[PDB]
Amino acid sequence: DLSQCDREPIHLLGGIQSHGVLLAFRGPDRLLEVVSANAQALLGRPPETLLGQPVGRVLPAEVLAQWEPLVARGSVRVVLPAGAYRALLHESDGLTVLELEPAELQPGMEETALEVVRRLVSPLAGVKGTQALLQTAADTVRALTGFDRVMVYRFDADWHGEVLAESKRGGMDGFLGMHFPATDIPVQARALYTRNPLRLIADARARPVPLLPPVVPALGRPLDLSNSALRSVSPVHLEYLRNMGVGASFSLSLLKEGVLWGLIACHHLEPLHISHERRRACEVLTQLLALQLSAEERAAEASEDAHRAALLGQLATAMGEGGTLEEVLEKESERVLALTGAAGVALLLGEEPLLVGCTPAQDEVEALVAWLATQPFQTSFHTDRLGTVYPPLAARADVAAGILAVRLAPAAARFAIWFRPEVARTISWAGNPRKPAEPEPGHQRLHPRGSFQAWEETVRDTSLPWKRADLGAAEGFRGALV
């Protein structure tokens, strides 16, 4: 439900962070059209007086000197009186945007970064778990940035999240294991972080620096800061950080195969600036983890299919040895249930239902048997909470919280149905998820919740979720019984 939270235009807030300067230029004279109000502390003159002036009248030589590789490459290091700065160039709203922030100061940064890239490639990671892969990614991002807490955050299908892994200094509270509402990161934020994979919040208590003028005159709204490294973030999120007791924040999008899988989120208790070059070095790490997860995930999935296929094949064999449907199905009980990781299975071969392992009563199966016919599924149907869809069996969570059903005939209702019991799960939410925000009276002013202490909830009446291999295995069993 697109509430207040999803409707704040976080690319049109018109402010930048105080540690950098932003200038925007228009046209072939490159006339200054927008400038951050703090620009005097790097240009020498009041920002108000530079609007409408050509880039050659406005920038210092050291910068202009490096315009071509800047335009070609996006960023260059320039040494100005105030010190070493990184200059970043992009295009937005038909303007050339130039940002300046302090440059990396450690000469051996790239050398350290190459070493941790090795830890994260290595012969084989994931060796004792994809778990171990996440922990190393957290550990190495924490090594390269120096943040007090680094966490790997995975989105669930409903866009709520949980901290799978976490590397942090001794003496820091943690969030390992906890789940967070989907509204902690609303729709338009997720969309932006799909496009802009990096964001640094250098000081969560600093006031944002405004742009001048406050609109782009051509457009009647603020400059689009979607791709600004200096963009100041939603004030609601600043409040969220300060309620966590967080003084600086850095997060990196984990894009797996083009989709937003999760984040690596970093917290620091005191303000902290990370250089652009160091941020891009961390981003190489996150692209690395994303690749290691894909290769391991696909290996896991091929090994699972292998196991299922061996079962179908041993089944196949058994049938070729004595015309004995019920006979062999009863003899190969483990295999038929193992096919899909099930605890029971009804085989509707026409006459009576044949019930193997742990199932609902004969009456009750016929009841969902009849109900299954009038359903809009083609050849297979599956659910991990039968009760939420067919309450005649809502009380049988003990044997049928989940079913996987394949249709063995066109017209007619001949099926094999696998059953799963519920599996109770205790999840710990970081604060009470029924009160994920605090709106003011009148529900125009929204605020973050004030507490992130564990709030425990137990999930009932849902099975283990049917995996792609379960489905494939069911399709193959259907091919063999036709």
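For every residue, the number given is its place in the sequence shown, counted from 1. Here, rigid core means the biggest group of C-alpha atoms that superpose within 1.5 Å across both forms.
In 7 other deposited structures of this protein, superposed on the rigid core, the segment with the larger root-mean-square CA displacement between 258-266 and 320-328 is 320-328. Core-fitted comparison in 7 other deposited structures of this protein shows that, between 214-222 and 302-310, the CA atoms farther from the shown form belong to 302-310. Averaged over CA atoms, B-factors in the entry run higher in 68-76 than in the other of 224-232 and 68-76. Higher average CA B factor: 413-421, of the stretches 413-421 and 25-33. Per the PDB record, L372 has a higher Cα B-factor than any other of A300, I185, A165, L372. Ranking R335, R278, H267, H90 by Cα temperature factor from the entry places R335 first. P208: CA B factor in the lowest third of modelled residues in this chain (values from the PDB entry). Annotation for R149: C-alpha temperature factor in the lowest third relative to the rest of the modelled chain, per the entry. Among all modelled residues in this chain, the alpha-carbon of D305 has a temperature factor (C-alpha) in the middle third.
Looking at the C-alpha B-factors along this chain, the one for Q53 belongs to the lowest third. In this PDB entry, the Cα temperature factor of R86 sits in the middle third of its chain's modelled residues.
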